[PDB]
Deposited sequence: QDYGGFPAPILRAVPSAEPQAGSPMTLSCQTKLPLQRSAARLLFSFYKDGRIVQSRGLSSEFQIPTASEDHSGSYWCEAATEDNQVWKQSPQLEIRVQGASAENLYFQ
């Protein structure tokens, strides 16, 4: 059971104002981090939605897949988001 891959869809470079989703690709619960702080706490969903990309969304993100009691616990490599414009 390998480390999650964090993917940006459609890309890590959304145009400003456009929607994108972060996907934690891997019972596991998923959390998402930006620049050290949680942006979505543990949950069923392996997706972190950003429906309107703006400057504050640019940064270094990573995700975490883990069971409730942390018997299983793994994080992804970081992924930089660069909102364009």
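S.K.: Comparing the deposited sequence with the modelled residues, which stretches have no C-alpha coordinates?
M.R.: Going by the record, the segments left unmodelled (no C-alpha atoms) fall at 1-5, 32-40, 100-108.
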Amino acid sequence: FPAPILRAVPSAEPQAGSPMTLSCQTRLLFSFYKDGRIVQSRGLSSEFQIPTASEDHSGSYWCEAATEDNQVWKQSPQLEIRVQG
From here on, numbers count along this sequence of modelled residues.
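S.K.: Using the B-factors recorded in the PDB entry, average over the C-alpha atoms of 60-68 and of 73-81, then report which stretch comes out higher.
M.R.: Result: 60-68.
S.K.: Once you work out the mean C-alpha B-factor for both 51-59 and 29-37 from the entry, which is higher?
M.R.: Higher mean C-alpha B-factor: 51-59.
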